[PDB]
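The file target02.cif comes next; it holds mmCIF, C-alpha atoms and all ligand atoms.
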```cif
data_input
#
loop_
_atom_site.label_atom_id
_atom_site.label_comp_id
_atom_site.auth_asym_id
_atom_site.auth_seq_id
_atom_site.Cartn_x
_atom_site.Cartn_y
_atom_site.Cartn_z
CA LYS A 1 146.50 -185.92 -17.17
CA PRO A 2 146.81 -185.23 -20.91
CA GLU A 3 150.39 -186.70 -21.09
CA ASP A 4 148.93 -189.94 -19.59
CA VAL A 5 146.25 -190.08 -22.37
CA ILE A 6 148.95 -189.57 -25.10
CA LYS A 7 151.34 -192.32 -23.76
CA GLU A 8 148.33 -194.75 -24.01
CA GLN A 9 147.51 -193.47 -27.56
CA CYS A 10 151.25 -194.07 -28.49
CA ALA A 11 151.33 -197.61 -26.87
CA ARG A 12 148.55 -199.02 -29.14
CA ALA A 13 150.06 -197.19 -32.25
CA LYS A 14 151.95 -198.76 -35.26
CA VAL A 15 153.96 -195.54 -36.04
CA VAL A 16 155.01 -192.85 -33.51
CA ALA A 17 156.47 -189.47 -34.71
CA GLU A 18 158.37 -187.92 -31.70
CA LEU A 19 157.80 -184.11 -31.25
CA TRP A 20 160.53 -182.56 -29.00
CA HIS A 21 159.50 -179.21 -27.38
CA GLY A 22 160.43 -176.57 -24.74
CA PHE A 23 157.07 -176.18 -22.85
CA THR A 24 157.90 -176.61 -19.10
CA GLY A 25 154.21 -176.11 -17.98
CA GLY A 26 151.17 -173.78 -17.81
CA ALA A 27 149.02 -173.17 -20.97
CA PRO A 28 151.59 -173.69 -23.77
CA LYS A 29 152.08 -177.28 -22.41
CA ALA A 30 148.36 -178.10 -21.75
CA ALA A 31 147.26 -176.59 -25.13
CA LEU A 32 150.05 -178.45 -27.06
CA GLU A 33 149.15 -181.80 -25.39
CA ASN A 34 145.32 -181.22 -25.82
CA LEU A 35 145.93 -180.64 -29.57
CA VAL A 36 148.16 -183.80 -29.87
CA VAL A 37 145.35 -185.89 -28.16
CA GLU A 38 142.75 -184.60 -30.74
CA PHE A 39 145.20 -185.46 -33.59
CA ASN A 40 145.98 -188.96 -32.13
CA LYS A 41 142.19 -189.66 -31.62
CA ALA A 42 141.50 -188.82 -35.35
CA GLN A 43 144.16 -191.26 -36.67
CA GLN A 44 144.03 -195.07 -36.90
CA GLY A 45 147.20 -196.17 -34.99
CA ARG A 46 149.30 -193.24 -36.39
CA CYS A 47 150.51 -190.98 -33.55
CA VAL A 48 152.66 -188.03 -32.42
CA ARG A 49 154.59 -188.34 -29.08
CA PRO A 50 155.37 -184.96 -27.42
CA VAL A 51 158.66 -185.22 -25.35
CA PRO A 52 159.24 -182.09 -23.14
CA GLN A 53 163.07 -181.41 -23.16
CA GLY A 54 162.98 -178.61 -20.51
CA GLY A 55 163.11 -175.09 -22.07
CA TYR A 56 164.24 -173.77 -25.46
CA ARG A 57 168.01 -173.83 -24.47
CA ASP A 58 167.71 -177.39 -23.05
CA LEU A 59 165.83 -178.21 -26.29
CA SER A 60 168.67 -177.03 -28.61
CA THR A 61 171.33 -178.79 -26.35
CA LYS A 62 169.34 -182.12 -26.64
CA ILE A 63 169.12 -181.74 -30.50
CA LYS A 64 172.97 -181.09 -30.54
CA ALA A 65 173.53 -184.33 -28.48
CA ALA A 66 171.13 -186.17 -30.87
CA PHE A 67 173.39 -185.15 -33.86
CA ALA A 68 176.45 -186.65 -32.03
CA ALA A 69 174.46 -189.90 -31.27
CA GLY A 70 172.95 -189.71 -34.85
CA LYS A 71 169.30 -190.31 -33.53
CA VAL A 72 167.04 -187.25 -34.34
CA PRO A 73 163.28 -187.09 -33.44
CA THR A 74 160.75 -186.81 -36.38
CA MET A 75 159.91 -183.18 -35.27
CA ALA A 76 161.24 -180.39 -32.94
CA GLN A 77 160.48 -176.76 -32.16
CA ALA A 78 163.25 -174.50 -33.52
CA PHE A 79 163.84 -170.71 -33.74
CA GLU A 80 164.96 -169.09 -37.03
CA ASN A 81 168.64 -169.31 -35.66
CA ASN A 82 168.20 -173.01 -34.62
CA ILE A 83 166.95 -173.72 -38.20
CA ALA A 84 170.12 -171.95 -39.51
CA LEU A 85 172.31 -174.36 -37.43
CA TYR A 86 170.41 -177.60 -38.41
CA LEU A 87 170.57 -176.52 -42.10
CA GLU A 88 174.43 -176.20 -41.81
CA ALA A 89 174.17 -179.99 -40.96
CA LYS A 90 171.71 -180.32 -43.98
CA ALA A 91 169.59 -182.23 -41.37
CA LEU A 92 166.06 -180.76 -42.23
CA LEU A 93 163.41 -181.69 -44.86
CA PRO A 94 161.95 -178.93 -47.12
CA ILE A 95 158.34 -178.53 -45.88
CA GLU A 96 156.71 -178.29 -49.36
CA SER A 97 158.46 -181.56 -50.55
CA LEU A 98 155.95 -183.17 -48.08
CA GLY A 99 153.30 -181.18 -50.03
CA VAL A 100 152.32 -179.48 -46.71
CA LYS A 101 150.18 -176.57 -48.08
CA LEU A 102 151.38 -173.12 -46.81
CA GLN A 103 149.02 -170.55 -48.44
CA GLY A 104 147.14 -168.59 -45.74
CA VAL A 105 150.37 -168.38 -43.57
CA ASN A 106 151.28 -164.76 -42.61
CA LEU A 107 154.37 -163.54 -44.61
CA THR A 108 155.95 -162.32 -41.32
CA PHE A 109 156.29 -165.95 -39.99
CA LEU A 110 156.68 -167.62 -43.42
CA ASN A 111 159.53 -165.29 -44.71
CA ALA A 112 161.44 -166.11 -41.49
CA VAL A 113 161.48 -169.95 -42.20
CA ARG A 114 162.45 -169.67 -45.96
CA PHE A 115 166.26 -170.03 -46.67
CA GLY A 116 167.44 -169.56 -50.32
CA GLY A 117 163.87 -169.75 -51.72
CA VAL A 118 162.99 -172.85 -49.60
CA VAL A 119 160.76 -173.14 -46.47
CA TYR A 120 162.22 -175.52 -43.77
CA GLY A 121 159.95 -174.70 -40.81
CA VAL A 122 156.23 -174.48 -40.00
CA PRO A 123 155.26 -171.48 -37.83
CA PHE A 124 153.42 -173.07 -34.85
CA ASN A 125 153.73 -171.00 -31.55
CA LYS A 126 154.71 -167.45 -32.63
CA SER A 127 154.50 -164.63 -30.00
CA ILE A 128 154.80 -160.85 -30.23
CA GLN A 129 155.82 -158.50 -27.42
CA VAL A 130 152.96 -156.29 -26.07
CA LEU A 131 152.64 -153.66 -23.30
CA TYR A 132 150.89 -155.35 -20.31
CA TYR A 133 149.57 -152.84 -17.76
CA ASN A 134 147.70 -152.24 -14.48
CA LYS A 135 144.48 -150.43 -15.64
CA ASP A 136 143.49 -149.67 -11.96
CA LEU A 137 146.77 -147.82 -11.26
CA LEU A 138 146.79 -145.62 -14.44
CA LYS A 139 143.05 -144.81 -13.91
CA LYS A 140 143.70 -143.89 -10.22
CA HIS A 141 146.35 -141.20 -11.11
CA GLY A 142 144.56 -140.21 -14.38
CA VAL A 143 147.52 -141.49 -16.55
CA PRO A 144 146.62 -142.51 -20.13
CA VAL A 145 148.13 -145.60 -21.73
CA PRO A 146 151.40 -144.22 -23.21
CA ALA A 147 151.58 -144.23 -27.06
CA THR A 148 155.22 -143.15 -27.63
CA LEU A 149 158.52 -144.03 -25.82
CA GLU A 150 158.60 -140.47 -24.37
CA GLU A 151 155.10 -140.80 -22.81
CA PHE A 152 156.08 -144.30 -21.47
CA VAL A 153 159.11 -142.90 -19.53
CA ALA A 154 157.05 -139.85 -18.33
CA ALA A 155 154.25 -142.21 -17.16
CA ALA A 156 156.79 -144.56 -15.40
CA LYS A 157 158.49 -141.63 -13.45
CA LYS A 158 155.04 -140.04 -12.54
CA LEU A 159 153.49 -143.32 -11.21
CA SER A 160 156.72 -144.40 -9.33
CA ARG A 161 156.79 -140.97 -7.51
CA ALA A 162 153.02 -141.28 -6.74
CA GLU A 163 153.17 -144.94 -5.45
CA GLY A 164 156.64 -144.94 -3.71
CA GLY A 165 158.36 -147.61 -5.88
CA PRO A 166 159.48 -148.50 -9.45
CA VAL A 167 156.43 -149.38 -11.70
CA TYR A 168 158.03 -150.48 -15.00
CA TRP A 169 159.00 -154.19 -14.41
CA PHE A 170 161.39 -156.03 -16.75
CA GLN A 171 163.83 -158.95 -17.04
CA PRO A 172 167.43 -157.82 -17.85
CA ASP A 173 167.60 -160.14 -20.90
CA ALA A 174 168.25 -159.73 -24.67
CA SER A 175 164.46 -159.95 -25.39
CA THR A 176 163.59 -156.86 -23.33
CA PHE A 177 166.71 -155.00 -24.68
CA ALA A 178 165.34 -155.65 -28.26
CA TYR A 179 162.12 -153.68 -27.61
CA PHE A 180 164.07 -150.47 -26.59
CA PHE A 181 166.95 -151.11 -29.12
CA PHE A 182 164.59 -151.66 -32.12
CA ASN A 183 162.53 -148.52 -31.14
CA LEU A 184 165.55 -146.17 -30.64
CA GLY A 185 166.13 -146.92 -34.39
CA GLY A 186 168.63 -149.74 -33.76
CA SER A 187 169.68 -152.54 -36.14
CA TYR A 188 171.76 -155.69 -35.43
CA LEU A 189 173.21 -156.03 -38.96
CA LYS A 190 175.14 -153.15 -40.66
CA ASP A 191 176.68 -153.78 -44.17
CA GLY A 192 176.53 -157.61 -43.59
CA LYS A 193 178.17 -157.42 -40.15
CA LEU A 194 176.83 -158.04 -36.64
CA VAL A 195 177.14 -154.95 -34.32
CA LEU A 196 176.04 -155.19 -30.58
CA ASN A 197 177.73 -151.85 -29.39
CA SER A 198 176.19 -149.24 -31.75
CA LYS A 199 174.92 -145.84 -30.53
CA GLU A 200 171.31 -147.29 -30.50
CA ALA A 201 172.44 -150.29 -28.32
CA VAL A 202 174.23 -148.02 -25.76
CA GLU A 203 171.13 -145.67 -25.80
CA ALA A 204 168.84 -148.68 -25.02
CA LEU A 205 171.11 -150.17 -22.28
CA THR A 206 171.63 -146.62 -20.85
CA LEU A 207 167.81 -145.97 -20.85
CA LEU A 208 167.31 -149.19 -18.76
CA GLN A 209 170.17 -148.42 -16.26
CA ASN A 210 169.02 -144.75 -15.90
CA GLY A 211 165.54 -146.30 -15.15
CA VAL A 212 166.92 -148.47 -12.25
CA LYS A 213 168.95 -145.68 -10.62
CA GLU A 214 166.05 -143.17 -11.08
CA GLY A 215 163.66 -145.50 -9.15
CA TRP A 216 161.11 -145.94 -12.13
CA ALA A 217 162.36 -149.39 -13.59
CA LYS A 218 162.35 -152.69 -11.56
CA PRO A 219 164.69 -155.62 -12.54
CA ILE A 220 162.95 -158.99 -11.92
CA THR A 221 165.79 -161.55 -11.27
CA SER A 222 163.67 -164.56 -10.02
CA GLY A 223 160.87 -166.03 -12.21
CA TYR A 224 158.61 -164.45 -14.87
CA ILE A 225 157.28 -160.84 -14.21
CA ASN A 226 153.68 -162.32 -13.65
CA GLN A 227 155.16 -164.68 -10.91
CA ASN A 228 156.51 -161.57 -9.01
CA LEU A 229 153.17 -159.58 -9.09
CA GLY A 230 151.79 -158.44 -5.69
CA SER A 231 155.26 -157.45 -4.37
CA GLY A 232 155.18 -153.65 -4.86
CA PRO A 233 153.21 -151.47 -7.30
CA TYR A 234 153.17 -152.60 -10.94
CA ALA A 235 152.04 -150.55 -13.94
CA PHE A 236 153.85 -151.82 -17.08
CA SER A 237 155.80 -154.68 -18.55
CA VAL A 238 156.87 -155.46 -22.11
CA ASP A 239 156.58 -159.26 -22.25
CA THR A 240 155.66 -162.02 -24.72
CA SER A 241 151.94 -162.36 -25.62
CA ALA A 242 152.53 -166.10 -24.79
CA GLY A 243 152.30 -165.12 -21.05
CA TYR A 244 148.85 -163.45 -21.72
CA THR A 245 146.73 -166.04 -19.80
CA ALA A 246 149.44 -166.39 -17.05
CA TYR A 247 149.26 -162.63 -16.34
CA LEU A 248 145.38 -162.97 -16.46
CA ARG A 249 145.26 -165.67 -13.72
CA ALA A 250 148.05 -164.01 -11.58
CA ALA A 251 147.01 -160.30 -11.61
CA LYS A 252 144.91 -159.14 -8.58
CA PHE A 253 144.29 -155.79 -10.37
CA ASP A 254 142.41 -155.02 -13.69
CA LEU A 255 144.80 -156.28 -16.46
CA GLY A 256 145.30 -154.23 -19.66
CA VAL A 257 147.05 -155.14 -22.97
CA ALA A 258 148.05 -152.33 -25.39
CA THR A 259 150.26 -152.09 -28.48
CA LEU A 260 153.87 -151.09 -27.77
CA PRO A 261 154.82 -147.43 -27.36
CA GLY A 262 156.59 -146.26 -30.57
CA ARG A 263 158.83 -143.32 -31.50
CA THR A 264 155.72 -141.29 -32.54
CA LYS A 265 151.89 -141.59 -32.50
CA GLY A 266 152.10 -142.29 -36.30
CA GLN A 267 152.90 -146.02 -35.70
CA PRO A 268 153.03 -148.52 -32.79
CA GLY A 269 156.50 -149.64 -31.65
CA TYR A 270 158.06 -152.85 -33.05
CA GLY A 271 157.80 -155.97 -30.83
CA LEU A 272 160.21 -158.90 -30.98
CA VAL A 273 158.76 -162.14 -32.55
CA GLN A 274 159.59 -165.13 -30.27
CA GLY A 275 158.31 -168.73 -30.04
CA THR A 276 159.08 -171.48 -32.53
CA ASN A 277 158.54 -173.21 -35.90
CA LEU A 278 158.05 -176.99 -36.29
CA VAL A 279 160.81 -178.73 -38.31
CA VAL A 280 160.91 -182.36 -39.67
CA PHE A 281 164.30 -184.19 -39.86
CA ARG A 282 165.57 -186.11 -43.02
CA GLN A 283 166.61 -189.15 -40.85
CA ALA A 284 162.87 -189.81 -40.00
CA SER A 285 161.35 -192.97 -41.69
CA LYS A 286 158.87 -192.34 -44.65
CA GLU A 287 156.07 -193.60 -42.29
CA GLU A 288 157.19 -191.04 -39.62
CA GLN A 289 157.31 -188.26 -42.32
CA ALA A 290 153.72 -189.20 -43.33
CA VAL A 291 152.58 -188.47 -39.73
CA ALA A 292 154.65 -185.19 -39.69
CA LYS A 293 152.82 -184.04 -42.96
CA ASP A 294 149.36 -184.80 -41.44
CA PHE A 295 150.25 -183.26 -37.98
CA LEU A 296 151.55 -180.08 -39.66
CA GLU A 297 148.32 -179.74 -41.75
CA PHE A 298 146.31 -180.17 -38.50
CA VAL A 299 148.21 -177.50 -36.51
CA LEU A 300 147.87 -175.04 -39.50
CA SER A 301 144.06 -175.77 -39.55
CA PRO A 302 141.87 -172.76 -38.49
CA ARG A 303 140.25 -174.57 -35.46
CA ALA A 304 143.53 -175.91 -33.90
CA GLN A 305 145.14 -172.47 -34.50
CA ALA A 306 142.04 -170.73 -32.91
CA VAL A 307 142.20 -172.97 -29.76
CA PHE A 308 146.01 -172.68 -29.37
CA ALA A 309 146.03 -168.86 -29.80
CA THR A 310 143.09 -168.25 -27.39
CA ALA A 311 144.39 -170.62 -24.57
CA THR A 312 147.88 -168.89 -24.53
CA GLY A 313 148.14 -165.49 -26.34
CA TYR A 314 150.35 -166.79 -29.22
CA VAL A 315 149.59 -165.08 -32.65
CA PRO A 316 147.44 -167.18 -35.09
CA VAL A 317 149.80 -167.89 -38.03
CA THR A 318 147.06 -167.96 -40.71
CA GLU A 319 144.29 -165.75 -42.13
CA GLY A 320 141.84 -168.65 -41.78
CA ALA A 321 142.46 -168.79 -37.98
CA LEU A 322 140.92 -165.20 -37.47
CA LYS A 323 137.76 -166.33 -39.43
CA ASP A 324 137.18 -169.37 -37.15
CA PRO A 325 134.10 -168.96 -34.85
CA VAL A 326 135.89 -170.23 -31.63
CA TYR A 327 138.49 -167.45 -32.16
CA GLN A 328 135.73 -164.87 -33.13
CA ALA A 329 133.78 -165.92 -29.95
CA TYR A 330 136.89 -165.42 -27.64
CA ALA A 331 137.73 -162.05 -29.31
CA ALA A 332 134.14 -160.66 -29.36
CA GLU A 333 134.38 -161.33 -25.54
CA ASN A 334 138.02 -160.19 -24.92
CA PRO A 335 139.52 -157.39 -27.00
CA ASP A 336 143.16 -158.23 -25.91
CA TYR A 337 143.10 -160.92 -28.67
CA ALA A 338 142.66 -158.31 -31.42
CA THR A 339 145.37 -156.07 -29.69
CA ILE A 340 147.88 -159.09 -29.90
CA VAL A 341 146.96 -159.51 -33.68
CA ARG A 342 147.28 -155.68 -34.28
CA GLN A 343 150.69 -155.78 -32.50
CA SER A 344 151.70 -158.78 -34.80
CA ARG A 345 151.66 -156.35 -37.78
CA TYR A 346 154.77 -154.45 -36.30
CA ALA A 347 157.19 -157.31 -35.86
CA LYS A 348 161.02 -157.59 -35.86
CA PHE A 349 163.27 -160.73 -35.78
CA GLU A 350 166.76 -161.10 -34.18
CA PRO A 351 169.37 -162.05 -36.84
CA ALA A 352 168.92 -165.74 -37.90
CA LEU A 353 172.67 -166.70 -37.78
CA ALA A 354 173.43 -170.22 -36.42
CA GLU A 355 175.46 -169.00 -33.40
CA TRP A 356 172.90 -166.38 -32.19
CA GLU A 357 171.43 -168.56 -29.35
CA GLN A 358 174.89 -168.65 -27.64
CA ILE A 359 175.33 -164.87 -28.42
CA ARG A 360 171.88 -163.68 -27.12
CA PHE A 361 172.29 -165.49 -23.72
CA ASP A 362 176.00 -165.88 -22.76
CA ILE A 363 177.34 -162.58 -24.39
CA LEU A 364 174.68 -159.80 -25.12
CA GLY A 365 172.49 -161.11 -22.23
CA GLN A 366 175.58 -161.26 -19.90
CA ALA A 367 176.42 -157.60 -20.97
CA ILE A 368 172.81 -156.58 -20.07
CA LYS A 369 173.03 -158.19 -16.56
CA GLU A 370 176.52 -156.65 -15.88
CA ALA A 371 175.09 -153.12 -16.56
CA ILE A 372 171.69 -153.52 -14.83
CA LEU A 373 172.76 -155.67 -11.83
CA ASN A 374 176.53 -154.90 -11.30
CA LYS A 375 176.48 -151.24 -12.57
CA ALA A 376 178.92 -151.90 -15.51
CA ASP A 377 179.10 -148.92 -17.84
CA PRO A 378 176.70 -149.57 -20.78
CA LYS A 379 179.33 -148.87 -23.51
CA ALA A 380 182.01 -150.97 -21.73
CA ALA A 381 179.64 -154.01 -21.25
CA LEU A 382 178.61 -153.84 -25.01
CA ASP A 383 182.28 -153.25 -26.20
CA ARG A 384 183.16 -156.55 -24.42
CA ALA A 385 180.01 -158.28 -25.85
CA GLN A 386 180.94 -157.17 -29.41
CA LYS A 387 184.60 -158.47 -29.05
CA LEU A 388 183.50 -161.93 -27.65
CA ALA A 389 180.92 -162.14 -30.49
CA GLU A 390 183.51 -161.11 -33.20
CA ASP A 391 185.90 -163.81 -31.73
CA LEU A 392 183.03 -166.46 -32.01
CA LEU A 393 181.77 -165.48 -35.53
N1 LIG B 401 166.54 -170.96 -26.98
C1 LIG B 401 166.16 -169.77 -27.49
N2 LIG B 401 165.35 -169.02 -26.73
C2 LIG B 401 164.93 -167.81 -27.18
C3 LIG B 401 165.36 -167.31 -28.49
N3 LIG B 401 164.77 -166.10 -28.66
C4 LIG B 401 164.03 -165.87 -27.55
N4 LIG B 401 164.16 -166.87 -26.66
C5 LIG B 401 163.51 -167.09 -25.37
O1 LIG B 401 162.18 -167.08 -25.91
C6 LIG B 401 161.27 -166.79 -24.86
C7 LIG B 401 160.00 -166.14 -25.38
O2 LIG B 401 159.34 -167.06 -26.23
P1 LIG B 401 157.76 -167.46 -26.06
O3 LIG B 401 157.48 -168.73 -26.76
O4 LIG B 401 157.19 -166.18 -26.85
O5 LIG B 401 157.30 -167.51 -24.52
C8 LIG B 401 157.49 -168.57 -23.59
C9 LIG B 401 157.57 -168.11 -22.14
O6 LIG B 401 158.39 -166.96 -21.95
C10 LIG B 401 156.12 -167.79 -21.84
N5 LIG B 401 155.73 -167.60 -20.42
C11 LIG B 401 155.54 -168.69 -19.66
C12 LIG B 401 155.15 -168.56 -18.36
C13 LIG B 401 154.91 -167.29 -17.82
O7 LIG B 401 154.55 -167.18 -16.61
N6 LIG B 401 155.08 -166.21 -18.57
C14 LIG B 401 155.47 -166.30 -19.86
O8 LIG B 401 155.61 -165.22 -20.50
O9 LIG B 401 155.50 -168.96 -22.39
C15 LIG B 401 156.20 -169.37 -23.56
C16 LIG B 401 156.51 -170.85 -23.55
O10 LIG B 401 157.20 -171.12 -22.33
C17 LIG B 401 162.04 -165.93 -23.88
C18 LIG B 401 161.71 -166.42 -22.48
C19 LIG B 401 162.91 -167.23 -22.05
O11 LIG B 401 162.85 -168.60 -22.44
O12 LIG B 401 162.83 -167.28 -20.61
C20 LIG B 401 164.08 -166.55 -22.81
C21 LIG B 401 163.53 -166.09 -24.18
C22 LIG B 401 166.26 -168.18 -29.23
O13 LIG B 401 166.69 -167.83 -30.35
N7 LIG B 401 166.60 -169.37 -28.70
#
```
Structure translated into structure tokens:
Amino acid sequence: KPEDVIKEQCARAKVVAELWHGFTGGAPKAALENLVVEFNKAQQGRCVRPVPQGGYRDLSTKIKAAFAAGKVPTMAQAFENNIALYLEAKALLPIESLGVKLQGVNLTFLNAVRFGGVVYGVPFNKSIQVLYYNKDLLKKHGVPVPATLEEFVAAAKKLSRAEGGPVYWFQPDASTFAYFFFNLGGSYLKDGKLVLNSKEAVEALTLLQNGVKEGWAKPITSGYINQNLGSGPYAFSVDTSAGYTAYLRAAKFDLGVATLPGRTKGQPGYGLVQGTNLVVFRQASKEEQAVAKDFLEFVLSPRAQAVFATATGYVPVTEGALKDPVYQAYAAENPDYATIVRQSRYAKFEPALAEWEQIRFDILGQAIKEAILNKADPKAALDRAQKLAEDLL
């Protein structure tokens, strides 16, 4: 494989810097390991070991264990909220103390990893939500790509009527809620305080539940949306750009990628930023830190960013990445790459509080499933969510 190549690289190494990640397979995993092999080849017995830990939630659970055992890897993927938690432990090294150079890096991703003036993460695999669509099925019924939230709902109801089933496919999770929430004018923080049960949150959870009843919105409860394609007519999903190639290779129809429907034609909708930043832990040996520095400079390089971004659909984190010829060759051939970049300009983050991982999954994500799947009243599922959260915070 690639993992076999790396283990052999790491066996004849003097210094190994462990990189713990939440890639379970497909392109994120291949493209991460192909990049590590190139780095390991270019070094003289200095080496990065990538250790898959399962997914992002398994990943944060394994870093929590590591803090109890007091044995941290050199490097890990981390969200903004994961970084918050590891900083409460003062467990992370400031990235510019390594003199890792950060100019070029898009403010969007860079602002998100700076805490009290100080950067503690390197943006590595950053995604934006886009509107995936079935170009064949819009073209057939003469339905334009919808620009605004109102045209998106019209278009959904029209194509579901025409084709005999619900055409807007989604996962009833916090990530999909955030697209409708953010675009009905919603905000997580009000005067310093977390709110999950605001008028915009009920509006967004009520829009999704209305969609299910009305036969235009399809909950996917088993696998990614792209893994369910070919069961019933599909027109639309709002899904991470990091699935881009997995939709490409799954879809038996002509795939489209558009910017998100917004409130008005004046401006695309906001997408949620997902994916992770690379952090380096203080308990790593100076030798291990030296490898971390070099690895981080590699992954920020235009070529390695070009090859990552093009293999997956993640957003290139630098200016220099868009001016690389491998990127410019992929994009001159496939306009969905410039769509994903154009969508990266209209980008919102979940709140970066340490406890937000727990909250997004077991509380706000449980309130979304109770409404969509068990017909709980939207306001009553988010009133519960907000109390459980307030009791945790
Ligand atoms: N732990 C933790 N997780 C978080 C947080 N915020 C968001 N999420 C999770 O981030 C994923 C989005 O991040 P992204 O890197 O953009 O995308 C993932 C995969 O989703 C995507 N993928 C893979 C296969 C496929 O067929 N389709 C496809 O889209 O590939 C990438 C690597 O696996 C969501 C997905 C989830 O893990 O299932 C639950 C959500 C947080 O704060 N903490």
Using only C-alpha atoms and all ligand atoms, the shortest atom-to-atom distance to ligand LIG 401 (chain B) among A:106, A:240, A:97, A:43 belongs to A:240
Can you tell me, as a ChimeraX atom specification, what residues are no more than 6 Å from residue 313 (chain A) when counting all atoms listed in the file, ignoring any on the same chain fewer than 5 positions away? /A:241-242,244
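Compared by their closest atoms to residue 304 (chain A), and using only C-alpha atoms, the residues A:362, A:38, A:8, A:18 rank with A:38 nearest.
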Which residues of chain A have any atom within 8 Å of an atom in ligand LIG 401 (chain B) when counting all atoms listed in the file, and what is the closest pair of atoms for each, with the distance in Å to one decimal? Order the rows by chain and rising number and write it as CSV.
```
residue,atom,partner,partner_atom,distance
A:22,CA,B:LIG401,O10,6.8
A:23,CA,B:LIG401,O10,5.1
A:24,CA,B:LIG401,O10,6.4
A:25,CA,B:LIG401,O10,7.3
A:26,CA,B:LIG401,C12,6.6
A:27,CA,B:LIG401,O9,7.9
A:28,CA,B:LIG401,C16,5.7
A:29,CA,B:LIG401,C16,7.9
A:55,CA,B:LIG401,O11,6.5
A:56,CA,B:LIG401,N1,3.9
A:57,CA,B:LIG401,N1,4.1
A:58,CA,B:LIG401,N1,7.6
A:59,CA,B:LIG401,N1,7.3
A:60,CA,B:LIG401,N1,6.6
A:78,CA,B:LIG401,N7,7.8
A:79,CA,B:LIG401,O13,5.3
A:80,CA,B:LIG401,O13,7.0
A:81,CA,B:LIG401,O13,5.8
A:82,CA,B:LIG401,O13,6.9
A:125,CA,B:LIG401,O3,6.5
A:126,CA,B:LIG401,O4,6.4
A:127,CA,B:LIG401,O4,4.4
A:128,CA,B:LIG401,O4,6.7
A:129,CA,B:LIG401,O4,7.8
A:173,CA,B:LIG401,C20,7.6
A:174,CA,B:LIG401,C21,7.9
A:175,CA,B:LIG401,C4,6.3
A:223,CA,B:LIG401,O7,7.8
A:224,CA,B:LIG401,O7,5.2
A:225,CA,B:LIG401,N6,7.3
A:226,CA,B:LIG401,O7,5.8
A:227,CA,B:LIG401,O7,6.3
A:239,CA,B:LIG401,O8,6.3
A:240,CA,B:LIG401,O4,4.9
A:241,CA,B:LIG401,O4,6.6
A:242,CA,B:LIG401,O9,4.8
A:243,CA,B:LIG401,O8,3.4
A:244,CA,B:LIG401,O8,7.1
A:246,CA,B:LIG401,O7,5.2
A:247,CA,B:LIG401,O7,7.0
A:273,CA,B:LIG401,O4,7.2
A:274,CA,B:LIG401,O4,4.3
A:275,CA,B:LIG401,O3,3.4
A:276,CA,B:LIG401,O3,6.6
A:312,CA,B:LIG401,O9,7.9
A:314,CA,B:LIG401,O4,7.3
A:350,CA,B:LIG401,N3,7.7
A:356,CA,B:LIG401,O13,6.6
A:357,CA,B:LIG401,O13,4.9
A:360,CA,B:LIG401,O13,7.4
```
My list of candidates is A:282, A:209, A:342, A:32. Which is closest to residue 89 (chain A) when distances are computed with all atoms listed in the file? A:282
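For the residues A:143, A:36, A:237, A:121, ranking by smallest atom-to-atom distance to residue 3 (chain A) using all atoms listed in the file places A:36 first.
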Identify which of the residues A:183, A:160, A:34, A:305 lies closest to residue 267 (chain A), counting all atoms listed in the file when measuring atom-to-atom distances. A:183
For residue 102 (chain A), find every residue with an atom within 10 Å (counting all atoms listed in the file), except residues of its own chain fewer than 4 positions away, and show them as number ranges by chain. A: 95-96, 106, 110, 119, 122-123, 296-297, 300, 318
Step by step, gather every atom of region 173-181 of chain A that the file lists, find the box along x, y and z that holds them, add 6 Å on each side, and finally give centre and edge lengths in Å to one decimal, as AutoDock Vina command-line options.
```
--center_x 165.2 --center_y -155.3 --center_z -25.0 --size_x 18.1 --size_y 21.7 --size_z 20.2
```
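Proximity of A:289, A:44, A:171, A:259 to residue 220 (chain A), computed with only C-alpha atoms, is greatest for A:171.
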In the coordinates of the file, take the point (167.4, -152.2, -31.5) and a cut-off of 10 Å; then, counting only C-alpha atoms, name each qualifying protein, DNA or RNA residue as number ranges by chain. A: 177-188, 196, 198-204, 270, 272, 348, 350
Keeping C-alpha atoms, export the residues of the selection given above as a JSON list (two decimals), keeping the file's coordinate frame.
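Heads up, here's the output in part.json:
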```json
[["chain", "number", "residue", "atom", "x", "y", "z"],
["A", 177, "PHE", "CA", 166.71, -155.00, -24.68],
["A", 178, "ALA", "CA", 165.34, -155.65, -28.26],
["A", 179, "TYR", "CA", 162.12, -153.68, -27.61],
["A", 180, "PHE", "CA", 164.07, -150.47, -26.59],
["A", 181, "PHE", "CA", 166.95, -151.11, -29.12],
["A", 182, "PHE", "CA", 164.59, -151.66, -32.12],
["A", 183, "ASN", "CA", 162.53, -148.52, -31.14],
["A", 184, "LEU", "CA", 165.55, -146.17, -30.64],
["A", 185, "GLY", "CA", 166.13, -146.92, -34.39],
["A", 186, "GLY", "CA", 168.63, -149.74, -33.76],
["A", 187, "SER", "CA", 169.68, -152.54, -36.14],
["A", 188, "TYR", "CA", 171.76, -155.69, -35.43],
["A", 196, "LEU", "CA", 176.04, -155.19, -30.58],
["A", 198, "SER", "CA", 176.19, -149.24, -31.75],
["A", 199, "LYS", "CA", 174.92, -145.84, -30.53],
["A", 200, "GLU", "CA", 171.31, -147.29, -30.50],
["A", 201, "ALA", "CA", 172.44, -150.29, -28.32],
["A", 202, "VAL", "CA", 174.23, -148.02, -25.76],
["A", 203, "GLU", "CA", 171.13, -145.67, -25.80],
["A", 204, "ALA", "CA", 168.84, -148.68, -25.02],
["A", 270, "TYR", "CA", 158.06, -152.85, -33.05],
["A", 272, "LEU", "CA", 160.21, -158.90, -30.98],
["A", 348, "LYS", "CA", 161.02, -157.59, -35.86],
["A", 350, "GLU", "CA", 166.76, -161.10, -34.18]]
```
